[PDB]
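Residue strings, one per chain:
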Amino acid sequence: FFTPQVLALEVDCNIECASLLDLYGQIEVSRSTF
Amino acid sequence: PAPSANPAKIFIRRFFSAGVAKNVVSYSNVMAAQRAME
């Protein structure tokens, strides 16, 4: 008989780590075994 | 005027990767056009 007020928050607490993929040299490639 | 929102984002999502400076033509295409001039 009593409907709770569904609030619109969503907690998380889940660190990824940190980004380290922009320092490395980037080269787009083709069919494998270059 | 310009809306800056094209449907060409379907590839930068994952199919492409931003900030890579990819070459415009395959190396095979270059050498193929190379030997084809002789």
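Residues numbered from 1 in each chain as written, not as in the entry; some residues may be left out. Chains lettered and ligands numbered in written order. Part of a larger assembly, values for the part shown. Heavy atoms only, no water.

Participant: Can you help me understand the layout of surface pockets in this one?
Facilitator: One simple way to see leftover space: roll a probe sized like a water molecule over the atoms. A volume near 420 Å³ is recorded for the largest pocket. Taken together, 16 residues make up the lining of the largest pocket; nearest its centre are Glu28(A), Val29(A), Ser30(A), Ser26(B) and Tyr27(B). Each residue belonging to the lining of the largest pocket can be placed in one class, and the counts come to 7 nonpolar, 6 polar and 3 charged. (1 Å grid on protein atoms, 1.4 Å probe; cavity = no way out; pocket = protein on both sides within 12 Å on 5 of 7 lines; lining within 4 Å. Points joined across faces, edges and corners; volume = space filled by probe spheres on them. Nonpolar A, V, L, I, M, F, W, Y, C, P; charged D, E, K, R; others polar.)

Participant: Where do I start with the environment of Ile10(B) in this structure?
Facilitator: Along the chain, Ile10(B) falls in helix α1 (residues 9-12). Sequence spacing of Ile10(B) and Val30(B) is 20 residues, and the spatial spacing of their C-alpha atoms is 28 Å. (Helix = DSSP H or I, 4+ residues; strand = E, 2+ residues; numbered from the N terminus.)

Participant: Even after reading the chapter, I still don't get the packing of aromatic side chains, so can you show me in this structure?
Facilitator: Aromatic ring pairs are defined here through the distance separating the ring centres and the angle between the ring planes. Inspection of the entire model under this criterion finds 1 aromatic pair over all chains. Centre to centre, the rings of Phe11(B) and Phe15(B) are 6.3 Å apart; their planes meet at 10°, and the pair counts as stacked. (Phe/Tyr/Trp six-rings, centres within 6.5 Å; stacked < 30°, edge-to-face > 60°.)

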